[PDB]
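Enquirer: work_28.cif is reproduced below (mmCIF, N, CA, C and O atoms).
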```cif
data_query
#
loop_
_atom_site.label_atom_id
_atom_site.label_comp_id
_atom_site.auth_asym_id
_atom_site.auth_seq_id
_atom_site.Cartn_x
_atom_site.Cartn_y
_atom_site.Cartn_z
N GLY A 1 -133.29 -14.91 -39.04
CA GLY A 1 -133.78 -15.87 -38.07
C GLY A 1 -132.97 -17.16 -38.08
O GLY A 1 -132.71 -17.74 -37.03
N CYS A 2 -132.58 -17.60 -39.27
CA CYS A 2 -131.81 -18.83 -39.42
C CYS A 2 -130.68 -18.64 -40.43
O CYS A 2 -130.58 -17.60 -41.08
N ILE A 3 -129.83 -19.65 -40.56
CA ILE A 3 -128.71 -19.60 -41.49
C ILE A 3 -127.81 -20.82 -41.33
O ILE A 3 -127.15 -20.99 -40.30
N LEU A 4 -127.77 -21.66 -42.36
CA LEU A 4 -126.95 -22.86 -42.34
C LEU A 4 -127.04 -23.61 -43.66
O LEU A 4 -127.28 -24.82 -43.69
N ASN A 5 -126.84 -22.89 -44.76
CA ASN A 5 -126.90 -23.48 -46.09
C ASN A 5 -128.34 -23.83 -46.47
O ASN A 5 -128.76 -24.98 -46.35
N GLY A 6 -129.08 -22.83 -46.92
CA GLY A 6 -130.46 -23.05 -47.31
C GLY A 6 -131.17 -21.76 -47.71
O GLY A 6 -130.53 -20.71 -47.84
N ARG A 7 -132.48 -21.84 -47.90
CA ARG A 7 -133.27 -20.68 -48.28
C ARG A 7 -134.03 -20.12 -47.09
O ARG A 7 -135.25 -20.23 -47.01
N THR A 8 -133.30 -19.52 -46.15
CA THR A 8 -133.90 -18.94 -44.96
C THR A 8 -134.79 -17.75 -45.31
O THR A 8 -134.30 -16.70 -45.73
N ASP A 9 -136.09 -17.92 -45.14
CA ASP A 9 -137.05 -16.86 -45.44
C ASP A 9 -136.71 -16.19 -46.76
O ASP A 9 -136.13 -15.10 -46.78
N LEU A 10 -137.09 -16.83 -47.86
CA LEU A 10 -136.83 -16.29 -49.19
C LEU A 10 -138.13 -15.99 -49.92
O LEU A 10 -139.22 -16.11 -49.35
N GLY A 11 -138.02 -15.61 -51.19
CA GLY A 11 -139.19 -15.30 -51.98
C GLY A 11 -140.20 -16.43 -51.98
O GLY A 11 -141.25 -16.34 -51.34
N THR A 12 -139.89 -17.49 -52.71
CA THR A 12 -140.78 -18.65 -52.80
C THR A 12 -140.96 -19.30 -51.43
O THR A 12 -142.08 -19.67 -51.05
N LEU A 13 -139.87 -19.45 -50.70
CA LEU A 13 -139.90 -20.06 -49.38
C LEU A 13 -140.65 -19.17 -48.39
O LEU A 13 -140.93 -19.58 -47.26
N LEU A 14 -140.96 -17.96 -48.81
CA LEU A 14 -141.68 -17.01 -47.97
C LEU A 14 -142.84 -17.69 -47.24
O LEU A 14 -143.21 -17.29 -46.14
N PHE A 15 -143.40 -18.72 -47.87
CA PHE A 15 -144.51 -19.45 -47.29
C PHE A 15 -144.68 -20.81 -47.96
O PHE A 15 -143.92 -21.17 -48.87
N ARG A 16 -145.67 -21.57 -47.52
CA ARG A 16 -145.94 -22.89 -48.07
C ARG A 16 -144.65 -23.72 -48.15
O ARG A 16 -144.54 -24.63 -48.97
N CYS A 17 -143.69 -23.38 -47.30
CA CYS A 17 -142.41 -24.08 -47.28
C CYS A 17 -142.46 -25.34 -48.15
O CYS A 17 -143.04 -26.35 -47.76
N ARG A 18 -141.86 -25.26 -49.33
CA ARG A 18 -141.84 -26.38 -50.26
C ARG A 18 -141.21 -27.61 -49.60
O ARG A 18 -141.37 -28.73 -50.08
N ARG A 19 -140.48 -27.39 -48.51
CA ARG A 19 -139.83 -28.47 -47.80
C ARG A 19 -138.83 -27.93 -46.77
O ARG A 19 -138.23 -26.88 -46.98
N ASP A 20 -138.67 -28.65 -45.67
CA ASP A 20 -137.75 -28.24 -44.61
C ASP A 20 -136.39 -27.90 -45.19
O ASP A 20 -135.59 -27.20 -44.55
N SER A 21 -136.11 -28.39 -46.39
CA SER A 21 -134.84 -28.13 -47.05
C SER A 21 -134.58 -26.63 -47.18
O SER A 21 -133.43 -26.19 -47.19
N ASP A 22 -135.66 -25.86 -47.26
CA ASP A 22 -135.55 -24.41 -47.39
C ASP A 22 -135.27 -23.77 -46.03
O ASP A 22 -135.18 -22.55 -45.92
N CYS A 23 -135.15 -24.60 -45.00
CA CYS A 23 -134.89 -24.12 -43.65
C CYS A 23 -133.64 -24.78 -43.07
O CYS A 23 -133.71 -25.79 -42.37
N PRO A 24 -132.47 -24.19 -43.36
CA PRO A 24 -131.18 -24.70 -42.88
C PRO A 24 -131.01 -24.51 -41.38
O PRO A 24 -130.70 -25.45 -40.65
N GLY A 25 -131.22 -23.28 -40.91
CA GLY A 25 -131.09 -22.99 -39.50
C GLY A 25 -132.21 -23.59 -38.67
O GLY A 25 -132.85 -24.56 -39.09
N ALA A 26 -132.45 -23.03 -37.49
CA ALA A 26 -133.50 -23.51 -36.61
C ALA A 26 -134.82 -23.64 -37.35
O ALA A 26 -135.58 -24.58 -37.13
N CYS A 27 -135.10 -22.68 -38.23
CA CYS A 27 -136.33 -22.68 -39.00
C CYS A 27 -136.58 -24.04 -39.64
O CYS A 27 -135.63 -24.75 -39.98
N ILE A 28 -137.85 -24.40 -39.80
CA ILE A 28 -138.21 -25.67 -40.40
C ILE A 28 -139.61 -25.61 -41.01
O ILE A 28 -140.49 -24.91 -40.51
N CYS A 29 -139.80 -26.35 -42.10
CA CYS A 29 -141.09 -26.39 -42.78
C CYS A 29 -142.11 -27.18 -41.97
O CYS A 29 -142.10 -28.41 -41.97
N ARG A 30 -143.00 -26.46 -41.29
CA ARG A 30 -144.03 -27.10 -40.47
C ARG A 30 -145.42 -26.87 -41.07
O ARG A 30 -145.56 -26.17 -42.08
N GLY A 31 -146.43 -27.46 -40.45
CA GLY A 31 -147.79 -27.30 -40.93
C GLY A 31 -148.22 -25.85 -41.01
O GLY A 31 -149.15 -25.51 -41.73
N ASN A 32 -147.53 -24.99 -40.26
CA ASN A 32 -147.84 -23.57 -40.25
C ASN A 32 -147.87 -23.00 -41.67
O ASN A 32 -148.41 -21.92 -41.90
N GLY A 33 -147.29 -23.74 -42.60
CA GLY A 33 -147.26 -23.30 -43.99
C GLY A 33 -146.04 -22.45 -44.30
O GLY A 33 -146.12 -21.52 -45.09
N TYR A 34 -144.92 -22.79 -43.68
CA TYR A 34 -143.68 -22.05 -43.89
C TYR A 34 -142.56 -22.59 -43.00
O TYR A 34 -142.82 -23.31 -42.04
N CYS A 35 -141.33 -22.23 -43.32
CA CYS A 35 -140.17 -22.67 -42.55
C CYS A 35 -140.14 -21.99 -41.19
O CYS A 35 -139.24 -21.20 -40.90
N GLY A 36 -141.12 -22.30 -40.35
CA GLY A 36 -141.19 -21.71 -39.03
C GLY A 36 -140.24 -22.38 -38.05
O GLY A 36 -139.83 -23.52 -38.25
#
```
Starting from the file, give its structure as structure tokens.
Expert:
Amino acid sequence: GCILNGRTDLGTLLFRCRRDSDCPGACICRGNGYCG
């Protein structure tokens, strides 16, 4: 889905996005509880 130096949909980042930092590409840590 995304890709630009980061943890695009990973194990821990799988949810509760610890921070938008885990979302390099379009993906981003939103209230949804993940780098959506």
Enquirer: I want to know what sits within 8 Å of residue A:8, based on only N, CA, C and O atoms, with residues of the same chain fewer than 5 positions away left out; could you give that as number ranges by chain?
Expert: A: 1-3, 13-14, 21-25, 27, 35
Enquirer: As a PyMOL selection string, please: the residues near residue A:29 (cut-off 5 Å, all atoms listed in the file, same-chain neighbours under 6 positions excluded).
Expert: chain A and resi 19-20+35-36
Enquirer: Just so the selection is clear, what residues does the PyMOL selection byres ((chain A and resi 16) around 4.5) cover here, as a PyMOL selection string?
Expert: chain A and resi 15+17-18+33-34
Enquirer: When DSSP is applied to the backbone of this structure, which of chain A are assigned strand (DSSP E or B)? Write them out as a VMD selection string.
Expert: chain A and resid 29 to 30 34 to 35
Enquirer: Write out as a ChimeraX atom specification all residues of chain A that DSSP puts in helix (DSSP H, G or I) for this structure's backbone.
Expert: /A:12-14,20-22
